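Just one chain is shown here, as structure tokens, and it is the form deposited in one PDB entry.
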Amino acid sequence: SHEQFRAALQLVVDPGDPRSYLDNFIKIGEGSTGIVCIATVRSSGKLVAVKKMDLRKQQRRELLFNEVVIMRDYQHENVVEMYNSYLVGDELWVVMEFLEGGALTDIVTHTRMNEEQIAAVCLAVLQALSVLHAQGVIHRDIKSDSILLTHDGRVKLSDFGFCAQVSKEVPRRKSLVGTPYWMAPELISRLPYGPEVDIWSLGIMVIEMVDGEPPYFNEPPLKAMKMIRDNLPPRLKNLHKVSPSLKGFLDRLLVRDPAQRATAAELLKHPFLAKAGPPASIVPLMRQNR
């Protein structure tokens, strides 16, 4: 049955073994579904990233097909580019763009972002989401760990292993999927849900960028989920430090009723995003610069 799943994934990935062209694998990261390495392309010396996911270590194996559907169908300027996929022994390897700036997590846990920088992140993220949600794709795991940066401060959404599609025949999803602290209240309540859940998770990421941590982060997962399910929307620890503009923005995201929550398309017009700086404005936040 492992062997049965290996055969199925083989029909879907590219033929071959990229070790035939990559050198010097160095692990740089751990994800929910596997690990991430830098590799050197031997013909040219360029760097790529390689995501390795052990078919035996998955919560749900069939979610590994997510990486193939996104790669094949849903590329965009603010989405990490995937080049090729391979089955190597017991692992799916995806060779992808290397985002040398690392994850937004390393930033929010170590410095303070100003509002120009927060607005730049939110705009980049909302551009990816407007396009994905127009095609019925819901990411379902928006949080700082899923946002990667280039060396020159461009922002890209990554980590689509848990995404799902909605459509006229399947207008909503029912799976309990996400990282507890960032999960939308309707998703925790087990109400069927749609793209609106990424909007709520993005609002929690805005709290990450202001406070450094999502709400209830010191509470065990389950307890945090109960409180998200049952309490009023969570508040910034530092409400006093955010502009009225940023506050009114967040109030469009952390709306408990999914019907009243802003859509990505609507949030691209919010006046808070007018503060968005260029990618250069993100650069000084990165570990090699701060």
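In case it trips you up, residue 1 is the first one in the sequence shown, and so on. Superpose the two forms; the largest set of C-alphas matching within 1.5 Å is the rigid core.
We do not show the form solved in complex with a small molecule, though everything after this point is about it.
Shown here without its partner, the chain carries 82, 96 and 160, all of which come within 4.5 Å of the small molecule in the deposited bound form through at least one heavy atom. When contacts are judged by a 4.5 Å heavy atom cut-off, residue 30 counts as touching the small molecule in the deposited bound form. Taking non-hydrogen atoms only, residue 255 never approaches the small molecule to within 4.5 angstroms in the deposited bound form.
Taking the partner from elsewhere, residue 262 is found to have every heavy atom lying beyond 4.5 Å of the small molecule in the deposited bound form.
Among residues of the shown chain, residue 206 is not one whose heavy atoms approach the small molecule to within 4.5 Å in the deposited bound form. Looking at 74 to 82, 121 to 129, 167 to 175, 210 to 218, the stretch with residues near the small molecule in the deposited bound form, meaning non-hydrogen atoms within 4.5 angstroms, turns out to be 74 to 82. This chain lacks the partner; the member of 36, 242, 250, 55 within 4.5 angstroms of the small molecule in the deposited bound form by a non-hydrogen atom is 36. For the options 202, 187, 148, 108, the one in contact with the small molecule in the deposited bound form, meaning a heavy atom within 4.5 Å, is 148. Superposing the two forms on their core leaves just one of 157, 210, 71, 99 with a Cα displacement of at least 2 Å between this form and the one not shown, namely 71.
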